[PDB]
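*Asks:* Take this structure first; my questions come after.
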Number of protein chains: 4
Amino acid sequence: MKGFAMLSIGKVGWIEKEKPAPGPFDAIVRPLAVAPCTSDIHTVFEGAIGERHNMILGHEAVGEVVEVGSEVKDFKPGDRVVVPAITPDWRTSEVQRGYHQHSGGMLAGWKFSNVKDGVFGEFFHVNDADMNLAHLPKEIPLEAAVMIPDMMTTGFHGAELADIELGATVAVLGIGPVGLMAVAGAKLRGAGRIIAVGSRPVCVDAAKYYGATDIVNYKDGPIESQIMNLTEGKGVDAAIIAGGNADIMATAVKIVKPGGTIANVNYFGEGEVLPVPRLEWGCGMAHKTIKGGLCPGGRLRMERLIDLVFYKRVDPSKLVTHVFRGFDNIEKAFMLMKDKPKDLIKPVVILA
Amino acid sequence: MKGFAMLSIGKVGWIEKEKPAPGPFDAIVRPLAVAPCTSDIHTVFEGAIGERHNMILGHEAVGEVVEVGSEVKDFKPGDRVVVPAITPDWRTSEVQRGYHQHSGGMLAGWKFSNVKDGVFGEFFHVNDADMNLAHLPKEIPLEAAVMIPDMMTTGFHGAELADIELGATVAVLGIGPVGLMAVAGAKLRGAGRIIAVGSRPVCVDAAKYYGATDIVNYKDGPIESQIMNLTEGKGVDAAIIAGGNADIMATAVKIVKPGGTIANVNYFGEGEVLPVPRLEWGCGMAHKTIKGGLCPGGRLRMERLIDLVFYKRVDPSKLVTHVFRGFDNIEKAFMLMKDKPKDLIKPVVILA
Amino acid sequence: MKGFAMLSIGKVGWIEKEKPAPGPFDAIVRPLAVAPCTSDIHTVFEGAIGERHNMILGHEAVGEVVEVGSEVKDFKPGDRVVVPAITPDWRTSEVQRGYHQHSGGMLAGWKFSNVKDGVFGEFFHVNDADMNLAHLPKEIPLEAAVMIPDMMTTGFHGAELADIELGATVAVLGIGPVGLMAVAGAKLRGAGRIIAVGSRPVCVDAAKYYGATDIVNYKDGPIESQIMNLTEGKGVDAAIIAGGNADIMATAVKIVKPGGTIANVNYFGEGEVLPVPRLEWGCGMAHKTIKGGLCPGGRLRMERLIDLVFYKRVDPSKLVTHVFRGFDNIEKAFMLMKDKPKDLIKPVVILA
Amino acid sequence: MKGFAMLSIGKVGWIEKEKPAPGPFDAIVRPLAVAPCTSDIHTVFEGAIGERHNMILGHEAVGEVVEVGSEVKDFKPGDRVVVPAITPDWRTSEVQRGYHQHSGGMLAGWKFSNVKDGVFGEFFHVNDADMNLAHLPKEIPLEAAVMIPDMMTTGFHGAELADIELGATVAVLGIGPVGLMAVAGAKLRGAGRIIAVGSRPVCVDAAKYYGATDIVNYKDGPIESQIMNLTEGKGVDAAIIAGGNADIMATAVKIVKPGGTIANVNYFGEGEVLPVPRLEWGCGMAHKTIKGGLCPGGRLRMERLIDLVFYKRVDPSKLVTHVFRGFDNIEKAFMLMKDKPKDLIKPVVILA
Ligand SMILES: NC(=O)c1ccc[n+]([C@@H]2O[C@H](COP(=O)([O-])OP(=O)(O)OC[C@H]3OC(n4cnc5c(N)ncnc54)[C@H](OP(=O)(O)O)[C@@H]3O)[C@@H](O)[C@H]2O)c1
Ligand SMILES: NC(=O)c1ccc[n+]([C@@H]2O[C@H](COP(=O)([O-])OP(=O)(O)OC[C@H]3OC(n4cnc5c(N)ncnc54)[C@H](OP(=O)(O)O)[C@@H]3O)[C@@H](O)[C@H]2O)c1
Ligand SMILES: NC(=O)c1ccc[n+]([C@@H]2O[C@H](COP(=O)([O-])OP(=O)(O)OC[C@H]3OC(n4cnc5c(N)ncnc54)[C@H](OP(=O)(O)O)[C@@H]3O)[C@@H](O)[C@H]2O)c1
Ligand SMILES: NC(=O)c1ccc[n+]([C@@H]2O[C@H](COP(=O)([O-])OP(=O)(O)OC[C@H]3OC(n4cnc5c(N)ncnc54)[C@H](OP(=O)(O)O)[C@@H]3O)[C@@H](O)[C@H]2O)c1
Ligand SMILES: [Zn+2]
Ligand SMILES: [Zn+2]
Ligand SMILES: [Zn+2]
Ligand SMILES: [Zn+2]
């Protein structure tokens, strides 16, 4: 079996491996459409998560079931499914507590391109098929559906953690593919005014399409200064961090009104500590709640997000700015994701 | 001062009263646009709430501040404002608990056309101006803005009580002006599939416009039977009761899946007890939560709802099917609301 | 294998069956101490749940693991464990939603003496051992530990559903073994004043021991009248229904203040509908939330409840008023539970 | 009027001022018993909150009403009341949002010894009497009741923010008078195992009395190392920060399991930023919620806490290790609070 993998930190390349076999509750799937993400770049080049050797990358894909284990009773070979980036082991204490994202350990729900071979291979392994797979309605376009496994589930999760109330004003820091989904998410939770912080024009247009009522560009001056000005010193009800450096945390605390919420969905790869401004946090008593969590996964999560797209509540296709054809282009899409060209949001590779 | 009032149960008419004066924290407002409601029909003809004598009716209006008390520091004469139907006394224990709707007692937050003169008069009294008034942006049309005081706040409240999750399937029982707002509310909370139950064609079109994906008509058979069929025996995640008789409660419990929520915003005027099916409620342990509450009010509530309309998140104008001009037409709009013509949703009377 | 079972509705007796075998994830346990519940009386004599034939009864027990399946990695033969009355199948959509009590259907989490042979036999089957079993510390007495499987978990669940705030006044309707645990539960959630409603002296003393500050006896007059008097017309913040007829629902709604919660843990076996007073429910808008649900189960639930007993936070032994020795006494304890003698709370049978 | 005040940062002394007068909704109260707090030390010597001039200190006291404004309808002169340290203005947007602690601005609910003269004077001013005062039952001892205005409300608030579930294991970092209340608070929310971190023997005994099952002393080694050892690498479900330096934040994040909560009630006076460990916070996705807030206040809050003490749910007297008699001793108690003698927890000054 052939697959695009991480040879060692800093080095990527194509490798040769054996086709995986399914257990009684597992399934083997082949990619119909895949997509790269900033996560793999952080892990490969920055070595954010230790060091791996010959580990296939990628964690966003849709495809068809090739073979299933003897116990899989909801999926048969041939079926087209949406595979969540987070495929947890449903039989742990963490699941009983309510946190499947950390089933087995901190961030353990995230297996692909972490502690398991990713989707950038002729085939990939999915554990607990009946629990971690969802049927993809033939009415949904491949390029759009491939945005569900991660970009959508993460962005929407930011809006969910933000405790948005009807009419509340929300600020989204960072408008990359995830940030853009966070904007659409805020609108889906009832937000009134939505302020997006970014720079690249491509992201700006997408932001407006998704619901952004105001765009703040970090160039015309400091973020906190501009937002405070825009809200007449009142600040925002909630802030969603979808990108930026460690210092973006300070900015977030500085713009949320007392009693507001700061919801983070950004993966911080550098720094030792994230700074929380003492004064702006009311010396520890401003009632400004800080949250941050891995995106949900599983069958149910996917089924619900599929319903939103199906019933035309959201249209993720606007995120796909580049489409490639062929297994070989996986390498191209990956590299393109590294040296971020000013007109790129999210590239997709159609395999069949 | 002249005003339309309830003489005694069953008898309505125009009366003559003295113009009210404001206290240091109060304000006197004159109606720019008003609108009748079924609530007043229930109270006048059915005597649902005891008996009143020469009490001016109505609780839905927008207008301008005529005079304010010595302490009112946020509103001056001439200012155009949106008046909430619920104007509570903000200094009570209930407010400290978090329920301003019952500030001073059960349903005490509702003063107009209950324990205080309504809006159907040349002038009306508003208590705690800085706490119960909101500036109306000149960009919002009068007929649309008059939908914010009651219809919108109540409908949206049903969706809030329903604990809707992204992608969840919601059922709205009753599609009158309030039901239609409940539909729009569910869409704003992230609902996927929304089923609306009604009959009159006018409401049906409005329902679809607001987000209804399926329409169920109580004529083609029993509601519960149809919905269960439509959802393949799975049922709905949440149900919002926006109309119907006492028996509609039984229907609601029958269609929600275990662990679901039943949110009521309907004002039951007849019956002694509302029936909760023992078997369908899992003999008391199906985890089906039942809620029901008076719509929120106050300045903050109105300001947030205004933002939704201002930023084009919702367009309430589609509820107004009849517009009249002149103080004298208040009586006409009222009568029209009683003998519900098949083409009526919500009538509005523009005074100036 | 011998066991006490339900032959047909109305007829009980000892039967002969084959010893069950465990699947790869299951376990076979033998009873060390058991106890009967009111539940089995309702099912056998009243036929509350259809009709069964030769089904072994009982859903409360502690014992040792006889044999385990090939996959069970946390429990070995010889180990002493606490078996929850609710043993759900952890791989269902309901579990992903968060309601393991209805895993597979409404009330599906409850298998023993329902859709599976109970504990009143030389051996019984436990599904998903690593997920539904908890090690019993040798410091906890058998008679006390046998109160954890149902009574404690159910009573405490009533307090959890009640949304009790620090200092809130709670009313517990019905002080049987479950009601008494509800009293102890309220105290553990921070309740201040706790009013218990009952009659039998034995339960009264137990109630006081567990935290009841006031005792209301339905004989000195109507419940609602007495409680309202005691609270100076203010009512209670929350009410937990732990017993009574269908009409107890009406009483509950009548005594809770607007915005309060009504939490039910009582199993209603008779009646067609449970009445919800229209006027007292504020005509559908008093904000009085009504809840009712099957007690939690599983390993985590039991482990946490064990910690409470271990660290002397609760002492369930006071519920055990009768202890018997020997397998043959199971029949006696059962009959005693039917013709409720005035001095009985909960009988226990020690087998070894 | 005489009173103990802050002359300038670093300098304290007795001053002479005019007796304050009440507004129509205010009241003037004289101290019956008062107590010093760490807060005043931070403000006076460290200048944590700008610079004040001749501002009377303290904000923890019980006393009797001397005179009331014309509108005060619940309190008359002579009545003994408990005065909350937090006395907010109940008519602000923040109150409508639900955060009275920040009514008027960040930390604006805290007036005494901040932006208003404290309680260390012959008389002091209380705004909104009917909203910010509670009748003190004559059965409660003065020294115990003086612990309610702030020590109790803050400690309990830590347990409330921690989202404690029945049986959960909680860690309390810092066992000063506030930490000790947080311990008692955790027990009141249903905690099973409670680990307290401290050193001074006096605090240790009090900790055990209040519910601490394990005591960790920062001397036998690093906190995180010891706790992780004690929990067998599992960690704690929640952590309450009741004392320590800025680095205690890092420690808190390091000991809570993924999905747990970190509740802070400690007032950080030094440092620029509070460090949040990137790796231990799962790079921003460990689902570890961080909260921090000013203690609640108002009449309702006090009434409920009074009920807990009245019904013997808690006994705060154990916090009072030093009692003084006479207005002159206020200076002594204050100084004693500065140079913390190893046998001090909380000193009280009885005035009459
Ligand atoms: N583990 C998972 O499954 C998972 C899932 C979703 C997301 N994540 C993580 O969350 C982050 C999401 O990134 P993405 O995929 O949406 O793409 P991205 O292009 O990295 O998005 C970054 C966004 O924030 C920006 N930004 C950079 N510096 C900023 C600053 N100083 N202030 C404010 N904004 C700034 C960008 O602006 P311009 O581009 O306009 O310059 C852009 O809008 C990544 O770190 C990703 O690893 C992880
Ligand atoms: N106190 C307040 O401030 C307040 C605020 C909002 C609402 N409310 C109350 O809540 C209710 C809202 O009514 P509304 O103003 O929206 O107007 P409405 O016209 O009374 O709405 C009733 C809706 O439910 C219907 N319906 C009648 N029988 C039904 C049945 N048997 N099964 C299912 N649906 C049935 C109608 O169908 P067709 O019309 O299609 O026949 C209609 O769609 C009223 O009782 C009102 O008093 C009170
Ligand atoms: N499925 C499960 O796993 C499960 C678990 C727990 C509980 N449950 C159910 O919940 C209920 C719990 O009962 P229990 O085991 O605690 O024993 P119980 O003895 O049946 O408890 C009944 C309590 O309520 C009483 N009561 C009777 N009529 C009343 C009335 N009219 N008004 C107020 N109180 C009245 C009793 O008073 P006196 O005894 O003082 O007369 C007693 O205190 C049962 O129906 C049980 O089946 C089911
Ligand atoms: N604004 C308000 O109304 C308000 C209300 C309540 C509390 N607060 C604030 O919250 C804090 C509460 O302090 P307090 O009154 O309870 O008295 P405290 O004596 O300052 O309490 C400090 C506790 O944490 C300790 N500690 C010191 N260094 C530590 C370290 N490195 N690691 C772990 N623990 C350490 C102490 O241990 P030993 O004493 O055993 O050495 C003591 O147990 C204060 O900063 C106070 O200003 C403010
Ligand atoms: Zn990704
Ligand atoms: Zn109305
Ligand atoms: Zn039972
Ligand atoms: Zn203090």
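*Asks:* Would you mind working out the magnitude of the charge dipole of the protein assembly as shown relative to its Cα centre, with +1 at each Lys and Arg C-beta and -1 at each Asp and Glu C-beta, to the nearest 20 Debye?
*Replies:* Numbers: 152 positive and 164 negative charges, 1 e Å.
Here the size comes out at about 0 debye.
*Asks:* How big is Rg to Rh over segment A:8-94, alpha-carbon atoms, Rh as the Kirkwood inverse-mean-distance radius?
*Replies:* That ratio is 1.01, to two decimals.
*Asks:* At B:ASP328, with labels set 7 Å past Cα in the Cβ direction, how many nm apart are the copies from this one, shortest first?
*Replies:* For B:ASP328, the other copies' label points sit at 8.5, 8.7, 9.9 nm, shortest first.
*Asks:* With charges set only on the Cβ (+1 for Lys and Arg, -1 for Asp and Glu), what does the dipole of chain C come to about its Cα centre, in debye to the nearest 20? Don't skip to the end; give the middle numbers.
*Replies:* Details: 38 positive and 41 negative charges, 106 e Å.
Dipole of chain C, to the nearest 20 debye: 500 debye.
*Asks:* Right, next: Translational D (Stokes-Einstein, µm²/s) of segment C:257-319 at 20 °C and 1.002 mPa s when Rh comes from the Kirkwood sum over C-alpha pairs? Intermediate results must be reported in sequence, preceding the final value.
*Replies:* Details: Rh = 15.2 Å.
The Stokes-Einstein estimate is 141 µm²/s.
*Asks:* If you don't mind, another one. What net charge do the residues around C:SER70 carry, taking every other residue with its C-beta under 13 Å from that of C:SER70, with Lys and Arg at +1 and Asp and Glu at -1?
*Replies:* Details: positive: C:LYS73, C:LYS76; negative: C:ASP26, C:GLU67, C:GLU71, C:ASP130.
Here the charged neighbours net out to -2.
*Asks:* Looking at segment C:132-187, which GluC sites (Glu not before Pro) are in a loop (DSSP not H, G, I, E or B) and have at most 11 other Cβ atoms within 10 Å?
*Replies:* Details: sites: C:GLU139, C:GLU143, C:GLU160, C:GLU165; in loops: C:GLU139, C:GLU165.
Here the GluC sites (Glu not before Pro) that fit, given the DSSP loop and packing criteria, are C:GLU139.
*Asks:* Under a 5 Å amide H to amide H cut-off, with H placed in plane at 1.01 Å, what residues pair with D:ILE164 once short-range neighbours are removed?
*Replies:* Here nothing satisfies the definition.
*Asks:* Distance cut-off 23 Å, Cα to Cα: go down the list B:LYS19/B:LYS76; B:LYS219/B:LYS340; D:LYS187/D:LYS291; B:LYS11/B:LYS340 and report the pairs above it.
*Replies:* Working: B:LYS19/B:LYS76 19 Å; B:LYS219/B:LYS340 19 Å; D:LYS187/D:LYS291 20 Å; B:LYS11/B:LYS340 18 Å.
Over 23 Å apart, Cα to Cα: no pair at all.
*Asks:* Right, something else. Based on Cα coordinates alone, diagonalise the gyration tensor for segment D:135-201, multiply each eigenvalue by 5, take square roots, and list the semi-axes in whole Å, largest first. Don't skip to the answer; put the middle values down first.
*Replies:* On the way: eigenvalues 106, 44, 18 Å².
Calculated on Cα positions only, the semi-axes equal 23, 15, 9 Å.
*Asks:* How much of the DSSP bridge set in chain C is antiparallel, in percent, rounded to the nearest 5? Please report the intermediate quantities before stating the final value.
*Replies:* Details: 27 of 53 bridges.
Roughly 50 percent of the DSSP beta bridges within chain C come out antiparallel.
*Asks:* Ok, one more. Place +1 on the Cβ of every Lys and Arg and -1 on the Cβ of every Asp and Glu in chain A, take the dipole about the Cα centre, and give the residue among A:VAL320, A:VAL44, A:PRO20 whose Cα lies farthest towards its positive end.
*Replies:* A:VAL320
*Asks:* Can you figure out the FRET efficiency of B:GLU18 with C:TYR218, using R₀ = 41 Å and their beta-carbon distance, to the nearest 0.05?
*Replies:* Working: r = 53 Å, r/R0 = 1.29.
With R0 = 41 Å, the Cβ-Cβ based efficiency is 0.20.
*Asks:* Hand me the trypsin sites (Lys or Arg not before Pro) from segment B:44-131 located in a DSSP loop with no more than 16 other Cβ atoms within 10 Å, in residue order please.
*Replies:* Numbers: sites: B:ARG52, B:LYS73, B:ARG80, B:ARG91, B:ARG97, B:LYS111, B:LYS116; in loops: B:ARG52, B:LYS73, B:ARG91, B:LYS111.
Those satisfying the criteria are B:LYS73.
*Asks:* Give the Kirkwood hydrodynamic radius (Å, one decimal) of segment D:241-352, defined as one over the mean of 1/r across all pairs of different Cα atoms.
*Replies:* 17.6
*Asks:* Please state the equivalent ellipsoid semi-axes for the protein assembly as shown: what are the square roots of 5 times the Cα gyration tensor eigenvalues, largest first, in whole Å? List each step's numbers first, then the result.
*Replies:* Details: eigenvalues 407, 332, 295 Å².
Largest first, the protein assembly as shown gives 45, 41, 38 Å.
*Asks:* What's the minimum Cβ distance from chain A to the axis relating it to D, in whole Å, and which residue gives it?
*Replies:* A:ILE290, 2
*Asks:* Just tell me which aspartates and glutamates come within less than 12 Å, Cα to Cα, of B:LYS116; anything on the same chain fewer than 8 places away is out.
*Replies:* none
*Asks:* May I pose another question? Over the alpha-carbon set of segment A:162-292, work out the extent along each principal axis and list the three values in angstrom, largest first.
*Replies:* 39, 33, 26
*Asks:* Can you list the residues, at least 5 places off or on another chain, whose amide H is less than 5 Å from the amide H of C:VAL348, using H built in the peptide plane?
*Replies:* Here C:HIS322, C:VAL323, C:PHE324 satisfy the definition.
*Asks:* Towards the positive end of the charge dipole of segment C:259-337, with charges on Cβ (+1 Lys, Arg; -1 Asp, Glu), say which of C:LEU308, C:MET337, C:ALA263 has the farthest Cα.
*Replies:* C:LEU308
*Asks:* Which net charge results for the neighbourhood of C:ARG193, defined as the other residues with beta-carbon distances under 9 angstrom from its beta-carbon, given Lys and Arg at +1 and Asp and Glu at -1?
*Replies:* Values: positive: none; negative: C:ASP214, D:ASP307.
With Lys, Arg at +1 and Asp, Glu at -1, the net is -2.
*Asks:* Send over the per residue convex hull volume for chain A, Cα only, as a whole number of Å³.
*Replies:* Numbers: hull volume 46.8 nm³, N = 352.
Cα-based convex hull of chain A, divided per residue, equals 133 Å³.
*Asks:* Calculated from DSSP H runs of 4 or more alone, at -39500 (n - 2.57) each and per residue, what is the 222 nm mean residue ellipticity of chain A, nearest 500? Provide the component values of the computation, followed by the final result.
*Replies:* Details: 11 runs with 91 residues, N = 352.
When only DSSP H runs of four or more count, the value is -7000 deg cm²/dmol.
*Asks:* Further question on the same structure: How many angstrom separate the Cα center of segment D:88-126 from the Cα center of segment B:290-352?
*Replies:* Cα centres, segment D:88-126 to segment B:290-352: 39 Å.
*Asks:* Let me have the relative contact order for segment C:67-209, percent, based on Cα pairs under 8 Å that are six or more residues apart. All intermediate terms of the calculation are to be shown ahead of the outcome.
*Replies:* Numbers: 194 pairs, mean separation 26.9, N = 143.
Reported as a whole number, the value is 19 percent.
*Asks:* Another question about this same structure. Of all trypsin sites (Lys or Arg not before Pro) in segment B:252-352, which ones are in loop regions per DSSP and have a Cβ with at most 10 other Cβ atoms within 10 Å? All intermediate terms of the calculation are to be shown ahead of the outcome.
*Replies:* Values: sites: B:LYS254, B:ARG278, B:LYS288, B:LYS291, B:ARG299, B:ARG301, B:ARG304, B:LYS312, B:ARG313, B:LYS318, B:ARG325, B:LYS332, B:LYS338, B:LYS342; in loops: B:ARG278, B:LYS288, B:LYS312, B:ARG313, B:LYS342.
Filter output for segment B:252-352: B:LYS312, B:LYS342.
*Asks:* State, to one decimal in nm and shortest first, how far the label point of C:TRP14 sits from each corresponding label point in the other identical copies (label point: 7 angstrom along Cα-to-Cβ).
*Replies:* 7.6, 8.9, 9.2
*Asks:* Label position 7 Å from Cα toward Cβ: report the copy-to-copy distances for B:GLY50 in nm, one decimal, ordered from shortest.
*Replies:* 5.0, 5.4, 7.3
*Asks:* All other residues with a Cβ under 11 Å from the Cβ of A:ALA162 taken together, and with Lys, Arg as +1 and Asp, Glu as -1, what is their net charge? Walk me through the intermediate numbers first.
*Replies:* Numbers: positive: A:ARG189, A:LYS291; negative: A:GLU160, A:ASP163, A:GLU165, A:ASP237.
Overall, the nearby charge balance is -2.
*Asks:* What is the set of long-range amide H partners of C:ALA33 at a cut-off below 5 Å, with H atoms built 1.01 Å from backbone N?
*Replies:* Sorted by chain and number, the residues that satisfy this are C:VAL62, C:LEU351.
Coordinate-derived values only; no laboratory data. Using ideal geometry, Cβ is built from the backbone for each residue, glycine included, and neighbour counts are taken over all protein chains shown.
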